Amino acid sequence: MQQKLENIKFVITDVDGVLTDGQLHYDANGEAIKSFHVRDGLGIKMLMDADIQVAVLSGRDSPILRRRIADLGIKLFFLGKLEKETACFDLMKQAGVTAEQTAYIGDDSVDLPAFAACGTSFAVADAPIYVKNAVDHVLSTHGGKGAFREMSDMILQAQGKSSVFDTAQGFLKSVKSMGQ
């Protein structure tokens, strides 16, 4: 992992089930609320702040997801498309990174093809076994409970940038880039 982690320059995360606990909160009008986790966002920022682009590939789309994407300043992303293989390379071309430079975090079958495309994949804790068996690393955290952060934390760990989340001083350093 140390191997591939240090080489990551681009992170692609699914949304529902990863940045989310997979719950689709409906009201009479369809998707009404989507729950993201505050620690994941800080992690997204810490990555970006540490020269590591972050994009979301979601087999779904909603103004809610878009808003969250905008709050976080994510620039690269693909929504509504359930085929993830070509979508990743398309994100990779856009980021000027190779497969070997992009990590991916998923939770379901829909992500099986993105794990094949990115070379460095993550599975959230509550992911089913066929997904766990198809990734490089299984997270201890459940989707939506900080799984992404667990990943960002370890990517920034291996690349010697942990000080940003490790300590009061390292954090106050990148303080002007932690918002969401």
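Start at 1 and count along the sequence shown; that's the residue number.
Averaged over CA atoms, B-factors in the entry run higher in 93-101 than in the other of 93-101 and 68-76.
Checked against the record, the higher mean CA B factor of 29-37 and 117-125 lies with 117-125.
Within the selection 11, 15, 156, 172, the deposited Cα B-factor values reach their highest point at 172.
Across the options 63, 143, 59, 43, the residue with the most elevated CA B-factor in the record is 59. Among all modelled residues in this chain, the alpha-carbon of residue 167 has a temperature factor (C-alpha) in the highest third. Ranked against the other modelled residues of its chain, the C-alpha B-factor of residue 51 as given in the entry falls in the highest third.
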